[PDB]
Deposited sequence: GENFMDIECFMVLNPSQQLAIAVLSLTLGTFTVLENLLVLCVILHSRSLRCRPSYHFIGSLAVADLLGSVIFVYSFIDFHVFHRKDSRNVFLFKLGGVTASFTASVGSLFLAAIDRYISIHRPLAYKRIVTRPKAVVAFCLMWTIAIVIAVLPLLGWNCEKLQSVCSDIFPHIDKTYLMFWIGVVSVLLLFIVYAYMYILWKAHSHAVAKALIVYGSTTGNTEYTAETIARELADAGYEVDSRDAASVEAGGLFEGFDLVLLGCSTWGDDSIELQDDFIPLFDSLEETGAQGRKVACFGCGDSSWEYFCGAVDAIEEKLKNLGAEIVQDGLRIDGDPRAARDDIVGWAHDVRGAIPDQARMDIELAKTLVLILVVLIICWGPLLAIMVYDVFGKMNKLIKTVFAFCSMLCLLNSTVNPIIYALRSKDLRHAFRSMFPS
């Protein structure tokens, strides 16, 4: 038993600001989605290839949600309308389902693009047109079912219950359940997109592994000269002396692997004593379908010029490691052959990032969702655990406007970014 006017914290100036922000964004949001829906149906008449299952659901939810929200919000605040419990829970159920289905659409958009990254080869087997058709339908029914529950029962007046100080006639247990399901998909949305950016961050920069024997220090100076062209180009480098290497999984996670070794053949071809242990235990090395290249120092005076490079390349192509370019072979000092070093290093780089606008969009969406749903659900958690003062009700009233802004910026985030929709919008014009 709570007074309806107790939920109405309304300063005539605060009432005008509420009305201004809600009638601008409201009329602006409705016109946006009413245009988006018109474009899809116009596009449906011309092209049957774009699914438009996600953008249509998001637009319908934002249109229906905003229309009922702005009207009820202004009627409740500016006009101070006192409705019966069922008539209010009918209206509150309507907006809640629409906004729930809206964020449920973003949840289905998250799983659509999460499966494409986690399981690219199996994406076409899971996400289909009938499955997405059924999923959205069930997403809408569940969204309606949950939001109709307060009207059916499970409210603060039907049961001896502890009520909400921001939503009249609502049981806090129902809100905690509603917050839970909304928070789970939101956290999954945040987790998925954060999982996309961290996964794409490792692929942007390539990793190059350099090992060398070099008793005298020439193949090291070579590798040190080899590494800088790679490093200056933008390659993560992990040069390692062959005397301090671990055999098993030595090449794991390297897009390119450069194996340099000096030849030390007094009588017969012999490699660097430090490079021999790694040579023997190569099978242990990943040694498979790994882009790899060789280099090494030698001298013309010997019958086997850089025979080490030949022995290594024979084991690499034996196990199937793709040798992208021939091994680099140097005699004497590589300080005079610096040009050929950076030449072979730029060539092995030639023979072989991410969409930042799509990467920033995820950042933007995450920043948007954290901005629009963070404080909104936060105030509701304050209502569930303990209670709040009058200022928080006023802040929540302004924060109730914050989710409406999300419905305004969504057709700019997704529909405007749709290359197919913009084609359908231009097709509206003569030719």
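> Pop the missing stretches of the deposited sequence into a list, counting residues from 1 and keeping sequence order.
Missing C-alpha atoms (numbering from 1) occur across the ranges 1 to 3, 356 to 359.
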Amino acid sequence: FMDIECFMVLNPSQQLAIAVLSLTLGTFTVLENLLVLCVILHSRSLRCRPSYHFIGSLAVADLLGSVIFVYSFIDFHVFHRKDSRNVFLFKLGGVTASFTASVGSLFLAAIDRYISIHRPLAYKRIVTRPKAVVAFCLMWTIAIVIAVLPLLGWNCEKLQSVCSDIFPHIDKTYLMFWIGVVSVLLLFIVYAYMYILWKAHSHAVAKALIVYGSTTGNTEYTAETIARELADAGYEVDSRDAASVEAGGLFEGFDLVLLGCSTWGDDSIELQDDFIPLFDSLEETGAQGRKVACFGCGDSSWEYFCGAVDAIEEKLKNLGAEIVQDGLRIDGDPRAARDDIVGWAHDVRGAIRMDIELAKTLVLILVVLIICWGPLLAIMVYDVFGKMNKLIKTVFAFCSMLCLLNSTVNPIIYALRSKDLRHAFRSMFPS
From here on, numbers count along this sequence of modelled residues.
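> Between 342 to 350 and 207 to 215, which has the larger average Cα B-factor in the PDB entry?
Comparing 342 to 350 with 207 to 215, the higher mean C-alpha B-factor belongs to 342 to 350.
> Please work out which of 358 to 366 and 59 to 67 has the higher mean CA B-factor as recorded in the PDB entry.
Per the deposited B-factors, the answer is 358 to 366.
> Using the temperature factors in the entry, find which of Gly94, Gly260, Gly265, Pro168 has the highest value at its Cα atom.
Going by the entry's C-alpha B-factors, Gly265 comes out highest.
> Can you tell me which of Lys124, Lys131, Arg85, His77 has the highest Cα temperature factor in the record?
Within the set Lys124, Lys131, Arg85, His77, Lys124 shows the top C-alpha B-factor.
> Please place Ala424 in the lowest, middle or highest third of its chain by C-alpha B factor as given in the entry.
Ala424: CA B-factor falls in the lowest third of its chain.
> Going by what the PDB entry lists, where does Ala242 fall on CA B-factor within its chain: lowest, middle or highest third?
Lowest third - that is where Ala242 ends up once the chain's C-alpha B-factors are sorted.
> How does the C-alpha B factor of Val162 compare with the rest of the chain: lowest, middle or highest third?
CA B-factor rank for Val162: highest third.
> What third of its chain, lowest, middle or highest, does the C-alpha temperature factor of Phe136 fall into?
Answer is lowest: the recorded C-alpha B-factor places it there.
> Compare the C-alpha B factor of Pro50 with those of the other modelled residues in its chain, then answer lowest, middle or highest third.
According to the entry, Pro50 has a C-alpha B-factor in the chain's highest third.
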